[PDB]
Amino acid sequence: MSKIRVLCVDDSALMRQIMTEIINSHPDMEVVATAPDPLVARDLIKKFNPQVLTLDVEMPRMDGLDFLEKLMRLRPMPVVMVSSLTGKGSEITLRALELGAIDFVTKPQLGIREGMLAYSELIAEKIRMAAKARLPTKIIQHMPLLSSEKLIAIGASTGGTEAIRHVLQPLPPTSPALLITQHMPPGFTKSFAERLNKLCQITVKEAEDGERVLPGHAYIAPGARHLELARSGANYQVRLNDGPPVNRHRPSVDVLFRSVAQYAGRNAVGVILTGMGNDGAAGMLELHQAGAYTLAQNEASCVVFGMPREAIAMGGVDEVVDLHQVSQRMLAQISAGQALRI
């Protein structure tokens, strides 16, 4: 088929040429135009009709988030953000994801050759995804507080920051603990957790090694460690694992799902959400085999139907569900395994 038409917006002249070199070197994509700011990009989008836009967050003289707001409103298209591994970049990137950008990449040190080739392969991966991606609050009432043995595990990748936000926002304070692994670099996961916390009735935080796993709390995996459930005596604990990535994933959804299958078993509900790849598929099968009920986000609501698809294909998914029914289905399911207290 034809090459993917990419438009790159970046304030740095060197980056605009770097992106040109990277993207054009791949045979299934090409840079049809570059632009240093949102104004020049506007007319180039109309002239060259790109399929994918890469957008650097830090543009000095203007405001790129309002460009992204207007773009997603009047001409929505796949947008991949390019961010710096900084706190200011993390806040702007998450806000970009709220406005409708589907994914983002962090710039490594491109002065080192291996950082340039890793960035190159990552940029090509996001562009191929973005060309096919689908582009995208009542509090649930009368939820009883269940046993602290009850737990929900959630995994996500591309589109997962918005999917997770839609699932957590209506959760009442009596919701069981949630362990959440979202593919994300270190640092970003802290700002991610902090923004979700301000939007949620439950407490959302980045998971800390050794802390007890409490009802009404969601624990976000840190960007540089595997998040696992562990059992310290009688009580659930967070365990952060600095072991190696598994198929280039740390935190890994598979690792989380397996640890939950092991230490929670039938007292858990597993949820696999939008994202590319197969992370979570094999762990969800262990969860299923341990007696946990498992849900997978359906294709019509996924930005990328990759991770739920692979989980389904592995045979460990009980139920496919639209994103906007996930909150109710997972609460109802985990509640059904809870005997009366009264």
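Just count from 1 along the sequence shown to find any residue number.
Trainee: Per the entry, how many residues of the deposited chain go unmodelled between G216 and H217: none, 1 to 3, 4 to 9, or 10 or more?
Mentor: Missing in between: none.
Trainee: Per the record, averaged over C-alpha atoms, which has the higher B-factor: 110 to 118 or 158 to 166?
Mentor: Higher mean C-alpha B-factor in the PDB entry: 110 to 118.
Trainee: When the Cα temperature factors in the entry are averaged, is it 295 to 303 or 62 to 70 that ends up higher?
Mentor: Comparing averages over the C-alpha atoms only gives 62 to 70.
Trainee: From the list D254, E208, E125, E228, select the residue with the highest C-alpha B factor recorded in the entry.
Mentor: It is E125.
Trainee: So among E149, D103, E91, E194, who wins on Cα B-factor in the entry?
Mentor: Comparing C-alpha B-factors across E149, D103, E91, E194, the maximum falls on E91.
Trainee: Sorting the chain's modelled residues by C-alpha B-factor, tell me whether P136 ends up in the lowest, middle or highest third.
Mentor: According to the entry, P136 has a C-alpha B-factor in the chain's highest third.
Trainee: Rank-wise, by C-alpha B-factor, drop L55 into the lowest, middle or highest third of its chain.
Mentor: Tercile = middle for this residue's CA B-factor.
Trainee: Comparing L99 with the other modelled residues of its chain, is its CA B-factor in the lowest, middle or highest third?
Mentor: Highest third of the chain for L99's C-alpha B-factor.
Trainee: Taking the entry's C-alpha B-factors for this chain, is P27 in the lowest, middle or highest third?
Mentor: Highest third, going by the recorded CA B-factors of the chain.
Trainee: How does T174 rank on Cα B-factor within its chain, lowest, middle or highest third?
Mentor: For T174, whose C-alpha B-factor we compare with every modelled residue in the chain, the answer is the lowest third.
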